[PDB]
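The chain that follows stands alone, in the form deposited in one PDB entry, written as structure tokens.
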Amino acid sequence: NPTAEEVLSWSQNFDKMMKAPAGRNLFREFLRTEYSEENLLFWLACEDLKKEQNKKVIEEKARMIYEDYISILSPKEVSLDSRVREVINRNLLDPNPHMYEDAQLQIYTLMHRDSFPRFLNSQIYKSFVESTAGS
């Protein structure tokens, strides 16, 4: 169960927050307030895919990820460099569970550099810290 001090410690360590299930859930709540939650949803989907070996499951999950977050027509599309997308598009024709690893790192970095600082300045972050303090 995350304490006030744990929630506060995340302000100096994005990696620590992202390792914590509560860190990811609290961050997600914030991201939805600024309509950038697709980045984290994609990141989580990629984490889940990496744990699969069954070919049908890999195919179905890889294609779902593409359709939800990669296709230029998806409403939950994430922002990726053209070289990353090119390699994804080739891999889509023969899916493997590591095919989103580069895109995952790109989106992690985006979250770290762009939305994370805004999280730390948000009233919702203040309220998270204060909701777990026993004062």
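Residue numbers run from 1 along the displayed sequence. Whichever C-alpha set is largest while still superposing within 1.5 Å between the two forms counts as the rigid core.
The PDB entry reports B-factors from which the mean C-alpha value can be compared for 18 to 26 and 5 to 13; the larger average falls on 5 to 13. Stretches 105 to 113 and 89 to 97 differ in mean C-alpha B factor, with the higher average recorded for 89 to 97. The residue among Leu73, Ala62, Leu31, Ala45 whose C-alpha carries the highest B-factor in the deposited model is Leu73.
Below, we refer to the form deposited in another entry, which is not included among the displayed structures.
Core-superposed comparison between the shown form and the other one: CA of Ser9 displaced by 2 Å or more.
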